[PDB]
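Chains as they are written, first to last, in my numbering: chain A, 372 to 526; chain B, 372 to 526.
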């Protein structure tokens, strides 16, 4: 039906030496091919991703053109009621390492809109898609995706 | 009338060894005393601040209680029209080091709502308040603020 895609997916896609790089290539190919239906980010994920890609000297410009300007991703602009709940979640987890306000927003939004959460972050309270994605595919599917990667020059 | 307070202000306040620490103490005291009127953050600044304080092992909890739950800060939840403009600003500055999507939002919001921008970030297109704030005060005002700092135990 619909998915919410976490920052780390996009980071893995552009960061060539990242441990999740092939995970991200495969997830991105499947996502744009429609595997999980309509694709969302929150405006918090959007901010985090743009800022991080730019900070890490990665193709923020290509992310913009390819994912955002293309309308490949739909953006959810979170209102005061979503953020009030996210703040409660954030406060509850304030002492837990590595749980951001972005993540708090992601949990509220994915739960309220019944979105599949695509993320490498193993700390979410909702099940996620992403970990060991590349290694879980058919060998034939790997070959197909690898061909797309090097031939069509995605990245 | 009203001010928009940037993340770096809050970071300087809690980071005791930060170069801007006394800058932030002084700005925070003046702000809560009403010098610039009503105080705002965007939900992007809110996210950035909460996440960063927590990441740096600083009192995210005390920030929440003291600034957010207290209603000392008002939060602006940015809509699709503000974000559409921020995206244009971000794209224009994509190759410029250190300009975030949060900053893009801050520029749009402060310009549209005629907010004073309180920030150490010397890269904004709007004038800002913050740089050399501590060194610019009367010696008597420094002493008053220092007394508040060590006596009332703010931080």
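Idealized CB from N, CA, C, for every residue including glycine.
Contact between the stretch 399-407 of chain A and the stretch 468-479 of chain A is defined here as three or more beta-carbon pairs at a separation below 8 Å; is this criterion met? No, the stretch 399-407 of chain A is not in contact with the stretch 468-479 of chain A.
Go ahead and pull the three-state DSSP assignment for residue 488(A). Locating residue 488(A) in the first chain gives position 117, counting from the first residue. It is a strand residue.
Which bits of chain B does residue 461(A) rub up against, with CB to CB less than 7 Å? One-based indexing of the first chain puts residue 461(A) at position 90. Going along chain B in sequence order, the residues near residue 461(A) (Cβ under 7 Å) are 421.
Where residue 409(A) sits in the DSSP three-state scheme: For the purposes of this step, residue 409(A) is taken as the residue at position 38 of the first chain. In the structure shown, residue 409(A) sits in a strand (DSSP, three-state: E or B).
Whose Cβ in chain B lies nearer than 7 Å to the Cβ of residue 406(A)? Stepping through the first chain from its first residue, residue 406(A) is reached at position 35. Ordered by position in chain B, no residue passes the 7 Å Cβ test against residue 406(A), which lies about 27 Å from the chain.
Looking at chain B, is there any beta carbon in it that lies within less than 8 Å of the beta carbon of residue 451(A)? Walking along the first chain from the start, residue 451(A) turns up at place 80. Yes, because at least one Cβ of chain B sits closer than 8 Å to the Cβ of residue 451(A).
On the DSSP letters alone, give me the boundaries of the beta strand (DSSP E) that residue 525(A) sits inside. Numbered from its first residue, the first chain carries residue 525(A) at position 154. Neither: residue 525(A) is in no beta strand (DSSP E) and is coded neither H nor E.
Name the DSSP beta bridge partners of residue 457(B), please? As a first step, residue 457(B) must be located in the second chain, where it is residue number 86. Looking at the DSSP assignment, residue 457(B) forms no beta bridge with any residue, so it has no partner.
With distances taken between CB atoms, is the gap from residue 394(B) to residue 383(B) smaller than 8 Å? Residue mapping note: residue 394(B) aligns to position 23 of the second chain, counting from 1. Residue mapping note: residue 383(B) aligns to position 12 of the second chain, counting from 1. Yes.
Rounded separation between residue 520(A) and residue 455(A) - CA only: By 1-based counting over the first chain, the position of residue 520(A) is 149. By 1-based counting over the first chain, the position of residue 455(A) is 84. So the two alpha carbons sit approximately 41 Å from each other.
Residue 526(A) versus residue 509(A): straight-line alpha-carbon distance, rounded: Walking along the first chain from the start, residue 526(A) turns up at place 155. Walking along the first chain from the start, residue 509(A) turns up at place 138. Roughly 22 Å between the two C-alpha positions.
Just to confirm the assignment, what range does the beta strand (DSSP E) spanning residue 424(B) have? On the second chain, position 53 is the one that residue 424(B) refers to. Here residue 424(B) belongs to no beta strand (DSSP E); instead the alpha helix (DSSP H) covers 414-426.
With three or more beta-carbon pairs closer than 8 Å as the criterion, would you say the stretch 478-496 of chain B touches the stretch 430-439 of chain A? no
Step through the CB atoms of chain B and report whether any lies within less than 8 Å of the CB of residue 535(A). For residue 535(A) there is no data in the structure shown, the boundaries of chain A being 372 and 526.
Taking a cut of 7 Å between CB atoms, which residues from the stretch 456-480 of chain A lie near chain B? 461, 462, 465, 471, 472 and 473
Opposite residue 500(B) in the DSSP bridges: which residues? Translated into positions along the second chain, residue 500(B) becomes position 129. Beta-bridge pairing links residue 500(B) to 489(B).
Interface residues of chain B around residue 417(A) at Cβ under 9 Å? If you number the first chain from 1, residue 417(A) lands on position 46. Under the 9 Å cutoff, chain B gives 454, 458 and 472.
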